[PDB]
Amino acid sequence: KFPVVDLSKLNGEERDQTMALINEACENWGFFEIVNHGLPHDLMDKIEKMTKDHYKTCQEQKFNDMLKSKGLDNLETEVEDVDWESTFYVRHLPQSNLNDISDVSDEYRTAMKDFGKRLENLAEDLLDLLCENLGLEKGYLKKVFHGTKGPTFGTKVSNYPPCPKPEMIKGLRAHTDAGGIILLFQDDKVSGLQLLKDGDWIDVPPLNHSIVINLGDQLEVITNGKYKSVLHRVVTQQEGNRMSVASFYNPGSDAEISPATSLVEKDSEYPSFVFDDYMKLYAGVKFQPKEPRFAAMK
């Protein structure tokens, strides 16, 4: 069953059982849900409402315009090179782009800034938990990610609108995430996100006021494969609009990424590289298998 971790259980006598569950999910699922994570319920409710409203007022017209312009207004055959997805990006660090998005409101912008800061603080707390589970010094992962300008932190704001013929196209094709740690505020009613575990696609259950955590390729490298980046996709449906507000805590562009030496006994099979070089390779082969990308950094 899909791991849901109650972070409030870290403050007392259940801490060891809870950390152990975090480690077990990191090893065997690559994903887990957290509850009682510190983010105000009211703020999540406001981000949810304003994202859905902005889709209706702005994104939806652009999505249908995109459909006709690619002939995707009439699905007849399988489409394996396009994602049934409506998306824009919000940059937080190194430098925010929030002031340049022309069609969002003052209240949205201010709320997104509040939300983004809180998520960045949670991302850093979660990485220290990972450090503790791995036997690394506190702040080890935060230090590796810093580079010279600090981490890269952005939010992908997506909707997966109803699709008449879901078996013809995915909402988002299977892939692993290139980056560090991913913090997803997903729709709490409409399913669609799945991960691959032990030969089966397993749904990431919609859960009110929860955050979905997963680990990217960079943590697989740093942990010497102890924590693997796992494949995931988004399927469409004929009815429903799945919301997705996914924030990515990634290394800075010039950060040197390598397996932590205390996790390496035998010579590591993972490469040492500069993060931007990984990103430039990933951009073009995102939906191809993950493992050639590690071998390509050698």
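All residue numbers are counted from 1 along the displayed sequence.
Two stretches are in play, 212 to 220 and 197 to 205, and the higher mean C-alpha B-factor belongs to 197 to 205. Higher average CA B factor: 98 to 106, of the stretches 183 to 191 and 98 to 106. Highest CA B-factor among the listed residues (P259, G240, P251, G30): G240. Among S244, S272, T51, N64, the highest C-alpha B-factor recorded in the PDB entry belongs to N64.
When the modelled residues of the chain are ordered by C-alpha B-factor, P164 sits in the highest third.
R173: CA B factor lies in the middle third for its chain, per the PDB record. Compared with the other modelled residues of the chain, the Cα B-factor recorded for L43 ranks in the middle third.
Per the deposited record, the Cα B-factor of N11 falls in the highest third when ranked against the other modelled residues of its chain.
Remark: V235 belongs to the middle third of its chain, ranked by C-alpha B-factor as recorded.
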